[PDB]
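Inspection log for the structure reproduced underneath, given as structure tokens.
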4 protein chains.
Amino acid sequence: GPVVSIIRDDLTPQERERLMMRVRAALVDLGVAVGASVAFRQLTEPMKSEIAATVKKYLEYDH
Amino acid sequence: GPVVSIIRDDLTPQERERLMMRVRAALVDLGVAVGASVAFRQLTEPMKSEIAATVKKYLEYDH
Amino acid sequence: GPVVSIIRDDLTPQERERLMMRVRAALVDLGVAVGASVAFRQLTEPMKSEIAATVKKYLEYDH
Amino acid sequence: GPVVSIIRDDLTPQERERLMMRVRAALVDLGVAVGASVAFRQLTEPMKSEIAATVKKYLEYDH
């Protein structure tokens, strides 16, 4: 019965791609915004560290 | 000569705020996308490290 | 009489799959939105309980 | 220093509302899809329980 499978099965390759594409699109947008800020010399080193730490906290990346 | 100052003067508080709000908005969007990916257990530790390294490269943050 | 059967017959496997595919797609969208909210620590335990009770009421799931 | 605050400050009321609006919109979409499935009698009690458990897992709601 494929009907039960529609609810139970884990993410399909298409669904997994959609979630990653959203991460990629957000990463590009951040590069665009940070690229403009760095061009106008708006980010000090502590500010850069705080943005990096924020992203690592999003990622649950303990480094 | 206020007209000269319009072209010469450094970024105003309003313009600086606008540039940082764009960084903040992209940071929120990235937390939204990564939050969903982490919820579906889509990011391995190497993948997390690559995203973090990409952001540090955007920042020109040499750490 | 196949023309009568077209109106009378129960849902076909293709039709049943389309309906359950819509449930799956909504479930994924909810995991995406809740995943982001949980990442920003926006859901308290009573709020989580209200969302769960709302879904159980949709389901007519008396538990 | 308002520019620092733009990166450091916690989620604003407008940002918090946008995130929870996304949860509400997904909840409505799920009620629409489940409402149609329930109308065509497509959900058995175990299927209802699996959908509910999936949502509670999204919520990190340990009940």
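Note on naming: chains are A, B, ... as they come in the structure tokens, residues start from 1 per chain, ligands start from 1 in the order shown.
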
Would you pick out the contacts of residue 54 of chain B at 12 Å or less, using only C-alpha atoms, so that residues sharing its chain but fewer than 6 positions from it are not included, and give the list as a PyMOL selection string? (chain A and resi 24+26-28+30-31+34+52+55-56) or (chain B and resi 47-48+60-63)

Rows by chain and residue number, chain B within 8 Å of chain D, shortest pair, only C-alpha atoms, as JSON lines:
```
{"residue": "B:16", "atom": "CA", "partner": "D:3", "partner_atom": "CA", "distance": 7.1}
{"residue": "B:17", "atom": "CA", "partner": "D:3", "partner_atom": "CA", "distance": 5.9}
{"residue": "B:20", "atom": "CA", "partner": "D:6", "partner_atom": "CA", "distance": 6.5}
{"residue": "B:21", "atom": "CA", "partner": "D:6", "partner_atom": "CA", "distance": 6.3}
{"residue": "B:23", "atom": "CA", "partner": "D:7", "partner_atom": "CA", "distance": 7.7}
{"residue": "B:24", "atom": "CA", "partner": "D:7", "partner_atom": "CA", "distance": 5.7}
{"residue": "B:39", "atom": "CA", "partner": "D:58", "partner_atom": "CA", "distance": 7.1}
```

I need the chosen residues saved as an mmCIF file, in the first residue's frame, with C-alpha atoms.
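Written output follows (result.cif):
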```cif
data_model
loop_
_atom_site.group_PDB
_atom_site.id
_atom_site.type_symbol
_atom_site.label_atom_id
_atom_site.label_comp_id
_atom_site.auth_asym_id
_atom_site.auth_seq_id
_atom_site.Cartn_x
_atom_site.Cartn_y
_atom_site.Cartn_z
ATOM 1 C CA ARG B 16 24.689 52.506 7.511
ATOM 2 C CA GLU B 17 21.540 51.221 9.227
ATOM 3 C CA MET B 20 23.174 46.352 8.362
ATOM 4 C CA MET B 21 19.462 45.622 8.272
ATOM 5 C CA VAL B 23 22.783 41.688 6.775
ATOM 6 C CA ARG B 24 20.387 41.027 9.659
ATOM 7 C CA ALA B 39 15.001 19.692 12.122
#
```

What separation in Å, quoted to one decimal, exists between atom CA of residue 40 of chain D and atom CA of residue 10 of chain C? 9.5 Å

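Taking atom CA of residue 46 of chain A and atom CA of residue 22 of chain B as endpoints, the distance between them is 18.4 Å.
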
Using the chain letters and numbers from this document, which residues of chain A does DSSP assign to helix (DSSP H, G or I), as a ChimeraX atom specification? /A:2-8,13-39,45-58

Restrict the selected residues to C-alpha atoms and save them as a compact mmCIF listing (two decimals), in the first residue's frame.
```txt
# COMPACT_ATOMS: atom_id res chain seq x y z
CA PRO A 2 1.71 3.17 -1.23
CA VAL A 3 -0.88 5.35 0.54
CA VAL A 4 0.59 4.56 3.97
CA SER A 5 4.06 5.09 2.50
CA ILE A 6 3.22 8.67 1.50
CA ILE A 7 2.90 9.60 5.18
CA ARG A 8 5.53 7.28 6.65
CA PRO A 13 15.29 13.24 -3.03
CA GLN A 14 13.08 16.02 -4.42
CA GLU A 15 12.05 17.15 -0.93
CA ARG A 16 15.65 16.96 0.32
CA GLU A 17 16.79 19.06 -2.65
CA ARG A 18 14.14 21.68 -1.88
CA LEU A 19 15.38 22.08 1.71
CA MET A 20 19.02 22.42 0.58
CA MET A 21 18.12 24.85 -2.19
CA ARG A 22 16.61 27.07 0.51
CA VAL A 23 19.84 26.92 2.51
CA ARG A 24 21.86 27.73 -0.61
CA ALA A 25 19.59 30.66 -1.51
CA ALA A 26 19.96 32.08 2.01
CA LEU A 27 23.74 31.63 1.84
CA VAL A 28 23.89 33.55 -1.45
CA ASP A 29 21.74 36.35 0.00
CA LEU A 30 24.03 36.57 3.03
CA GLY A 31 27.05 36.76 0.73
CA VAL A 32 25.37 39.59 -1.18
CA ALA A 33 24.57 41.58 1.97
CA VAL A 34 27.94 40.90 3.62
CA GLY A 35 29.73 41.65 0.35
CA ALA A 36 28.18 45.12 0.27
CA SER A 37 28.94 45.72 3.95
CA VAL A 38 32.58 44.68 3.55
CA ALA A 39 32.88 46.93 0.48
CA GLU A 45 36.56 42.09 13.45
CA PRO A 46 34.33 41.64 16.56
CA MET A 47 31.24 42.19 14.40
CA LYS A 48 32.50 39.56 11.95
CA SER A 49 33.05 37.12 14.81
CA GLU A 50 29.52 37.67 16.13
CA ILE A 51 27.96 36.96 12.73
CA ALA A 52 30.09 33.83 12.40
CA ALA A 53 29.13 32.69 15.90
CA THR A 54 25.45 33.29 15.15
CA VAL A 55 25.67 31.05 12.07
CA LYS A 56 27.54 28.33 13.96
CA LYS A 57 24.80 28.41 16.59
CA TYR A 58 22.15 28.01 13.87
```
